[PDB]
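Here's model-v2.cif, which has mmCIF, C-alpha atoms; chains and numbers go by the auth columns:
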data_start
loop_
_atom_site.group_PDB
_atom_site.id
_atom_site.type_symbol
_atom_site.label_atom_id
_atom_site.label_comp_id
_atom_site.label_asym_id
_atom_site.label_seq_id
_atom_site.Cartn_x
_atom_site.Cartn_y
_atom_site.Cartn_z
_atom_site.B_iso_or_equiv
_atom_site.auth_seq_id
_atom_site.auth_asym_id
ATOM 1 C CA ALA A 1 -15.326 0.333 -10.500 0.00 1 U
ATOM 2 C CA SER A 2 -16.939 -1.686 -7.743 0.00 2 U
ATOM 3 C CA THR A 3 -14.534 -3.079 -5.163 0.00 3 U
ATOM 4 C CA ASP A 4 -14.965 -6.708 -4.151 0.00 4 U
ATOM 5 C CA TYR A 5 -12.347 -7.142 -1.469 0.00 5 U
ATOM 6 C CA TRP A 6 -12.141 -5.999 2.142 0.00 6 U
ATOM 7 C CA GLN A 7 -8.767 -6.117 3.891 0.00 7 U
ATOM 8 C CA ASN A 8 -8.703 -5.887 7.680 0.00 8 U
ATOM 9 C CA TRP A 9 -5.632 -7.341 9.326 0.00 9 U
ATOM 10 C CA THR A 10 -4.086 -6.525 12.673 0.00 10 U
ATOM 11 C CA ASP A 11 -1.392 -8.247 14.696 0.00 11 U
ATOM 12 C CA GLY A 12 -3.638 -7.683 17.704 0.00 12 U
ATOM 13 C CA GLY A 13 -1.902 -4.676 19.215 0.00 13 U
ATOM 14 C CA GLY A 14 -3.893 -1.739 20.524 0.00 14 U
ATOM 15 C CA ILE A 15 -7.179 -0.592 19.057 0.00 15 U
ATOM 16 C CA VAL A 16 -8.075 -0.778 15.377 0.00 16 U
ATOM 17 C CA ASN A 17 -11.655 0.279 14.699 0.00 17 U
ATOM 18 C CA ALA A 18 -12.155 -0.560 11.027 0.00 18 U
ATOM 19 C CA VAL A 19 -15.480 0.196 9.392 0.00 19 U
ATOM 20 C CA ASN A 20 -16.565 -1.478 6.177 0.00 20 U
ATOM 21 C CA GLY A 21 -18.668 1.295 4.654 0.00 21 U
ATOM 22 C CA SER A 22 -21.030 1.423 1.706 0.00 22 U
ATOM 23 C CA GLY A 23 -19.583 0.892 -1.747 0.00 23 U
ATOM 24 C CA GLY A 24 -15.852 1.517 -1.804 0.00 24 U
ATOM 25 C CA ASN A 25 -15.841 3.589 1.367 0.00 25 U
ATOM 26 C CA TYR A 26 -14.109 2.611 4.599 0.00 26 U
ATOM 27 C CA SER A 27 -12.822 4.296 7.719 0.00 27 U
ATOM 28 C CA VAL A 28 -10.329 3.519 10.443 0.00 28 U
ATOM 29 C CA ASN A 29 -9.707 4.788 13.941 0.00 29 U
ATOM 30 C CA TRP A 30 -6.562 3.425 15.543 0.00 30 U
ATOM 31 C CA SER A 31 -4.660 3.963 18.755 0.00 31 U
ATOM 32 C CA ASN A 32 -1.436 2.553 20.262 0.00 32 U
ATOM 33 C CA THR A 33 -1.388 -0.250 17.734 0.00 33 U
ATOM 34 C CA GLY A 34 1.144 -2.811 16.661 0.00 34 U
ATOM 35 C CA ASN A 35 1.067 -3.382 12.899 0.00 35 U
ATOM 36 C CA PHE A 36 -2.151 -3.302 10.879 0.00 36 U
ATOM 37 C CA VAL A 37 -3.441 -2.979 7.317 0.00 37 U
ATOM 38 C CA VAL A 38 -6.957 -1.969 6.335 0.00 38 U
ATOM 39 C CA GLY A 39 -8.392 -1.230 2.928 0.00 39 U
ATOM 40 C CA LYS A 40 -10.739 -1.931 0.068 0.00 40 U
ATOM 41 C CA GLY A 41 -9.932 -3.130 -3.392 0.00 41 U
ATOM 42 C CA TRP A 42 -9.953 -6.213 -5.560 0.00 42 U
ATOM 43 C CA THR A 43 -9.574 -9.907 -4.803 0.00 43 U
ATOM 44 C CA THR A 44 -7.309 -10.310 -7.796 0.00 44 U
ATOM 45 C CA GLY A 45 -4.798 -7.613 -8.529 0.00 45 U
ATOM 46 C CA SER A 46 -3.873 -6.574 -12.037 0.00 46 U
ATOM 47 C CA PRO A 47 -0.832 -4.753 -13.469 0.00 47 U
ATOM 48 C CA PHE A 48 -3.189 -2.852 -15.827 0.00 48 U
ATOM 49 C CA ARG A 49 -5.564 -1.524 -13.190 0.00 49 U
ATOM 50 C CA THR A 50 -6.103 2.175 -12.646 0.00 50 U
ATOM 51 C CA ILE A 51 -6.977 2.896 -9.029 0.00 51 U
ATOM 52 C CA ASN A 52 -9.078 5.879 -8.035 0.00 52 U
ATOM 53 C CA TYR A 53 -9.513 7.107 -4.505 0.00 53 U
ATOM 54 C CA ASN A 54 -10.466 10.020 -2.326 0.00 54 U
ATOM 55 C CA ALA A 55 -9.179 10.283 1.230 0.00 55 U
ATOM 56 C CA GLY A 56 -11.770 12.479 2.910 0.00 56 U
ATOM 57 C CA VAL A 57 -9.778 12.068 6.086 0.00 57 U
ATOM 58 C CA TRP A 58 -6.054 11.472 6.450 0.00 58 U
ATOM 59 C CA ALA A 59 -4.925 12.228 9.995 0.00 59 U
ATOM 60 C CA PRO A 60 -2.135 9.957 11.205 0.00 60 U
ATOM 61 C CA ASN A 61 -0.560 11.054 14.509 0.00 61 U
ATOM 62 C CA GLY A 62 2.531 8.950 13.983 0.00 62 U
ATOM 63 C CA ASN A 63 3.729 6.252 11.593 0.00 63 U
ATOM 64 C CA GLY A 64 1.019 5.496 9.056 0.00 64 U
ATOM 65 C CA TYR A 65 0.869 5.128 5.260 0.00 65 U
ATOM 66 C CA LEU A 66 -1.806 5.890 2.676 0.00 66 U
ATOM 67 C CA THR A 67 -0.757 3.458 0.002 0.00 67 U
ATOM 68 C CA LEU A 68 -1.762 1.119 -2.759 0.00 68 U
ATOM 69 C CA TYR A 69 -1.020 -2.305 -1.333 0.00 69 U
ATOM 70 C CA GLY A 70 -0.890 -5.816 -2.687 0.00 70 U
ATOM 71 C CA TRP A 71 0.872 -9.139 -3.042 0.00 71 U
ATOM 72 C CA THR A 72 2.002 -11.601 -5.651 0.00 72 U
ATOM 73 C CA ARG A 73 3.128 -15.180 -5.337 0.00 73 U
ATOM 74 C CA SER A 74 5.847 -17.029 -7.290 0.00 74 U
ATOM 75 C CA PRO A 75 7.710 -15.167 -6.123 0.00 75 U
ATOM 76 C CA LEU A 76 6.214 -13.804 -2.921 0.00 76 U
ATOM 77 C CA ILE A 77 6.299 -10.017 -3.132 0.00 77 U
ATOM 78 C CA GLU A 78 4.626 -7.301 -1.069 0.00 78 U
ATOM 79 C CA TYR A 79 4.335 -4.049 -3.041 0.00 79 U
ATOM 80 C CA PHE A 80 3.402 -0.456 -2.273 0.00 80 U
ATOM 81 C CA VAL A 81 2.618 2.842 -3.959 0.00 81 U
ATOM 82 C CA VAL A 82 2.756 5.391 -1.147 0.00 82 U
ATOM 83 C CA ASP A 83 1.004 8.705 -1.804 0.00 83 U
ATOM 84 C CA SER A 84 1.119 10.021 1.750 0.00 84 U
ATOM 85 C CA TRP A 85 2.437 9.185 5.192 0.00 85 U
ATOM 86 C CA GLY A 86 2.601 10.363 8.771 0.00 86 U
ATOM 87 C CA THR A 87 5.779 11.133 10.684 0.00 87 U
ATOM 88 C CA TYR A 88 7.940 8.646 8.776 0.00 88 U
ATOM 89 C CA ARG A 89 8.601 8.498 5.038 0.00 89 U
ATOM 90 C CA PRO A 90 9.379 4.933 3.969 0.00 90 U
ATOM 91 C CA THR A 91 12.665 4.381 2.146 0.00 91 U
ATOM 92 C CA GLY A 92 15.023 1.572 1.217 0.00 92 U
ATOM 93 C CA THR A 93 17.527 0.750 -1.496 0.00 93 U
ATOM 94 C CA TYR A 94 17.179 3.505 -4.112 0.00 94 U
ATOM 95 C CA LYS A 95 16.622 2.242 -7.662 0.00 95 U
ATOM 96 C CA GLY A 96 15.387 5.312 -9.500 0.00 96 U
ATOM 97 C CA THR A 97 12.266 7.414 -10.001 0.00 97 U
ATOM 98 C CA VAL A 98 9.001 7.366 -11.922 0.00 98 U
ATOM 99 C CA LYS A 99 6.671 10.184 -12.896 0.00 99 U
ATOM 100 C CA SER A 100 3.005 9.285 -12.675 0.00 100 U
ATOM 101 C CA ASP A 101 -0.357 10.934 -12.077 0.00 101 U
ATOM 102 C CA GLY A 102 1.169 14.376 -11.525 0.00 102 U
ATOM 103 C CA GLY A 103 3.761 13.255 -9.014 0.00 103 U
ATOM 104 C CA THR A 104 7.319 11.972 -8.841 0.00 104 U
ATOM 105 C CA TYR A 105 8.028 8.765 -6.962 0.00 105 U
ATOM 106 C CA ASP A 106 11.254 7.257 -5.697 0.00 106 U
ATOM 107 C CA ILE A 107 11.663 3.555 -6.319 0.00 107 U
ATOM 108 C CA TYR A 108 13.003 1.375 -3.509 0.00 108 U
ATOM 109 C CA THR A 109 13.438 -2.234 -2.605 0.00 109 U
ATOM 110 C CA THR A 110 13.628 -3.749 0.852 0.00 110 U
ATOM 111 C CA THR A 111 13.570 -7.171 2.454 0.00 111 U
ATOM 112 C CA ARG A 112 11.560 -8.478 5.372 0.00 112 U
ATOM 113 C CA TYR A 113 13.023 -11.207 7.556 0.00 113 U
ATOM 114 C CA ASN A 114 10.939 -13.707 9.506 0.00 114 U
ATOM 115 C CA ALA A 115 7.874 -11.495 9.078 0.00 115 U
ATOM 116 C CA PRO A 116 4.195 -12.406 8.650 0.00 116 U
ATOM 117 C CA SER A 117 3.167 -12.881 5.018 0.00 117 U
ATOM 118 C CA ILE A 118 -0.110 -13.222 3.135 0.00 118 U
ATOM 119 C CA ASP A 119 0.054 -17.031 3.586 0.00 119 U
ATOM 120 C CA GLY A 120 0.292 -16.693 7.362 0.00 120 U
ATOM 121 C CA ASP A 121 3.158 -17.861 9.555 0.00 121 U
ATOM 122 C CA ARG A 122 6.515 -16.133 8.977 0.00 122 U
ATOM 123 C CA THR A 123 9.058 -15.961 6.174 0.00 123 U
ATOM 124 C CA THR A 124 11.576 -13.794 4.311 0.00 124 U
ATOM 125 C CA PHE A 125 10.338 -11.793 1.327 0.00 125 U
ATOM 126 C CA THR A 126 11.055 -8.790 -0.854 0.00 126 U
ATOM 127 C CA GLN A 127 9.111 -5.536 -0.922 0.00 127 U
ATOM 128 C CA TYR A 128 8.752 -3.210 -3.918 0.00 128 U
ATOM 129 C CA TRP A 129 8.124 0.464 -3.287 0.00 129 U
ATOM 130 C CA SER A 130 7.093 3.583 -5.102 0.00 130 U
ATOM 131 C CA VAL A 131 7.127 6.481 -2.637 0.00 131 U
ATOM 132 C CA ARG A 132 6.026 9.971 -3.575 0.00 132 U
ATOM 133 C CA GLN A 133 8.805 12.513 -3.075 0.00 133 U
ATOM 134 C CA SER A 134 6.342 14.812 -1.326 0.00 134 U
ATOM 135 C CA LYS A 135 2.970 14.022 0.282 0.00 135 U
ATOM 136 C CA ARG A 136 0.055 14.050 -2.114 0.00 136 U
ATOM 137 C CA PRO A 137 -2.721 16.404 -0.976 0.00 137 U
ATOM 138 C CA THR A 138 -5.805 14.525 0.256 0.00 138 U
ATOM 139 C CA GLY A 139 -9.507 15.302 0.007 0.00 139 U
ATOM 140 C CA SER A 140 -9.457 15.252 -3.795 0.00 140 U
ATOM 141 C CA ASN A 141 -10.152 12.612 -6.430 0.00 141 U
ATOM 142 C CA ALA A 142 -6.773 10.936 -6.914 0.00 142 U
ATOM 143 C CA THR A 143 -5.601 8.433 -9.491 0.00 143 U
ATOM 144 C CA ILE A 144 -2.889 5.816 -9.398 0.00 144 U
ATOM 145 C CA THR A 145 -1.985 4.493 -12.832 0.00 145 U
ATOM 146 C CA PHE A 146 -0.421 1.264 -11.597 0.00 146 U
ATOM 147 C CA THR A 147 0.845 0.279 -15.052 0.00 147 U
ATOM 148 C CA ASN A 148 3.349 3.178 -14.914 0.00 148 U
ATOM 149 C CA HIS A 149 4.817 1.777 -11.706 0.00 149 U
ATOM 150 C CA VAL A 150 4.890 -1.827 -12.874 0.00 150 U
ATOM 151 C CA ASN A 151 6.727 -0.790 -16.046 0.00 151 U
ATOM 152 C CA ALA A 152 9.205 1.382 -14.135 0.00 152 U
ATOM 153 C CA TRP A 153 9.896 -1.430 -11.671 0.00 153 U
ATOM 154 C CA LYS A 154 10.496 -3.871 -14.531 0.00 154 U
ATOM 155 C CA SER A 155 13.098 -1.542 -16.033 0.00 155 U
ATOM 156 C CA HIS A 156 15.006 -1.824 -12.742 0.00 156 U
ATOM 157 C CA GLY A 157 14.855 -5.600 -12.599 0.00 157 U
ATOM 158 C CA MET A 158 11.905 -5.509 -10.200 0.00 158 U
ATOM 159 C CA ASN A 159 9.590 -8.191 -11.592 0.00 159 U
ATOM 160 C CA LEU A 160 6.360 -9.183 -9.866 0.00 160 U
ATOM 161 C CA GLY A 161 5.165 -12.740 -9.296 0.00 161 U
ATOM 162 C CA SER A 162 2.973 -14.646 -11.749 0.00 162 U
ATOM 163 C CA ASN A 163 0.181 -15.377 -9.248 0.00 163 U
ATOM 164 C CA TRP A 164 -1.690 -12.217 -8.262 0.00 164 U
ATOM 165 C CA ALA A 165 -3.288 -11.849 -4.846 0.00 165 U
ATOM 166 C CA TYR A 166 -5.430 -8.965 -3.542 0.00 166 U
ATOM 167 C CA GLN A 167 -4.853 -5.322 -4.433 0.00 167 U
ATOM 168 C CA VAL A 168 -6.242 -2.535 -2.259 0.00 168 U
ATOM 169 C CA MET A 169 -5.948 1.157 -1.396 0.00 169 U
ATOM 170 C CA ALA A 170 -5.010 0.859 2.233 0.00 170 U
ATOM 171 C CA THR A 171 -4.249 2.540 5.467 0.00 171 U
ATOM 172 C CA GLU A 172 -1.259 0.925 7.157 0.00 172 U
ATOM 173 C CA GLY A 173 0.071 1.793 10.570 0.00 173 U
ATOM 174 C CA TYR A 174 2.841 0.830 12.940 0.00 174 U
ATOM 175 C CA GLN A 175 2.841 1.614 16.673 0.00 175 U
ATOM 176 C CA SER A 176 0.798 4.790 16.189 0.00 176 U
ATOM 177 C CA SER A 177 -2.635 6.423 16.393 0.00 177 U
ATOM 178 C CA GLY A 178 -4.818 8.268 13.944 0.00 178 U
ATOM 179 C CA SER A 179 -7.823 8.418 11.677 0.00 179 U
ATOM 180 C CA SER A 180 -8.590 7.899 8.031 0.00 180 U
ATOM 181 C CA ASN A 181 -11.575 7.800 5.720 0.00 181 U
ATOM 182 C CA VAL A 182 -11.076 6.604 2.177 0.00 182 U
ATOM 183 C CA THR A 183 -13.275 5.869 -0.819 0.00 183 U
ATOM 184 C CA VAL A 184 -11.937 3.560 -3.532 0.00 184 U
ATOM 185 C CA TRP A 185 -13.185 2.873 -7.060 0.00 185 U
#
Final structure tokens representation of the file:
Amino acid sequence: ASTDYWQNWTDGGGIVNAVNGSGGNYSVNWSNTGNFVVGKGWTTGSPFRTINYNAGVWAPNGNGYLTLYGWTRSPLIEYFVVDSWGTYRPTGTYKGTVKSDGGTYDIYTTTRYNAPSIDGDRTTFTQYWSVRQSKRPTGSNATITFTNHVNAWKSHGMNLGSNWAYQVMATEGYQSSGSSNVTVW
């Protein structure tokens, strides 16, 4: 499918060279950054969407995530489906696991306090996570059947908001350096 949304946010720290490529392709070169999120996807997320991607390059030197990323409103929720990471594997309050697209993911919940949200400014909100138990190999055509995660989260009392915001396959980093090249469809 054709992507219609380009996400390129940075808190201004360090260098974040984000390139909006042709079609669903994008690349990022970052160094000594603060927090940033870059990716391509859809303006309106959907719990029934099946995301396809191919990370031709995944080379974080420190803390960075290759993850499906999105938000919902009412309530405000930031969610993730992490397929790979750098030096740090994200975790939180363990809820259970879900098997999907050949891998096993741990389900976690966390809370952010006085942090920047999609609406701008700062606030306190909940984060939903699905983190692969082991890093998914990159360079191949990968699939993320989001419906499997949404259903698993629901079973653990993790319900998403009613107003859907953007949904993208992103590269997120925190105080690190690295390179990535991803194609989404």
Determine, counting only C-alpha atoms, which protein, DNA and RNA residues have an atom within 9 Å of an atom of residue 56 of chain U; residues of the same chain fewer than 5 positions away are not included. Present the result as a list in words.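 That gives residues 138, 139, 140, 180, 181, 182 and 183 of chain U.
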Selection result for the PyMOL selection byres ((chain U and resi 62) around 10) on this file, as a ChimeraX atom specification: /U:31-32,59-61,63-65,85-88,173-178
Evaluate the PyMOL selection byres ((chain U and resi 105) around 8) on the structure here and hand back the selected residues as a PyMOL selection string. chain U and resi 97-100+103-104+106-107+130-133
Per-residue nearest contacts segment 72-152 of chain U to segment 40-47 of chain U, cut-off 9 Å, using only C-alpha atoms, as a Markdown table:
| residue | atom | partner | partner_atom | distance |
| --- | --- | --- | --- | --- |
| U:72 | CA | U:45 | CA | 8.4 |
| U:146 | CA | U:47 | CA | 6.3 |
| U:147 | CA | U:47 | CA | 5.5 |
| U:149 | CA | U:47 | CA | 8.8 |
| U:150 | CA | U:47 | CA | 6.5 |
| U:151 | CA | U:47 | CA | 8.9 |
Next, write the just-selected residues to a file, as an mmCIF file, keeping the file's coordinate frame, keeping C-alpha atoms as the atom set.
data_model
loop_
_atom_site.group_PDB
_atom_site.id
_atom_site.type_symbol
_atom_site.label_atom_id
_atom_site.label_comp_id
_atom_site.auth_asym_id
_atom_site.auth_seq_id
_atom_site.Cartn_x
_atom_site.Cartn_y
_atom_site.Cartn_z
ATOM 1 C CA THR U 72 2.002 -11.601 -5.651
ATOM 2 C CA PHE U 146 -0.421 1.264 -11.597
ATOM 3 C CA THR U 147 0.845 0.279 -15.052
ATOM 4 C CA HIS U 149 4.817 1.777 -11.706
ATOM 5 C CA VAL U 150 4.890 -1.827 -12.874
ATOM 6 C CA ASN U 151 6.727 -0.790 -16.046
#
Residue among U:92, U:157, U:137, U:21 lying closest to residue 112 of chain U, counting all atoms listed in the file: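 The shortest atom-to-atom distance to residue 112 of chain U comes from U:92.
Across the model, the gap from atom CA of residue 83 of chain U to atom CA of residue 109 of chain U is 16.6 Å.
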Point out the residue among U:124, U:33, U:110, U:2 with the least atom-to-atom distance to residue 95 of chain U, counting all atoms listed in the file. U:110
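Once residue 51 of chain U and its same-chain neighbours fewer than 5 positions away are set aside, residues 1, 41, 68, 142, 143, 144, 145, 146, 167, 168, 169, 184 and 185 of chain U remain within 10 Å of it when counting all atoms listed in the file.
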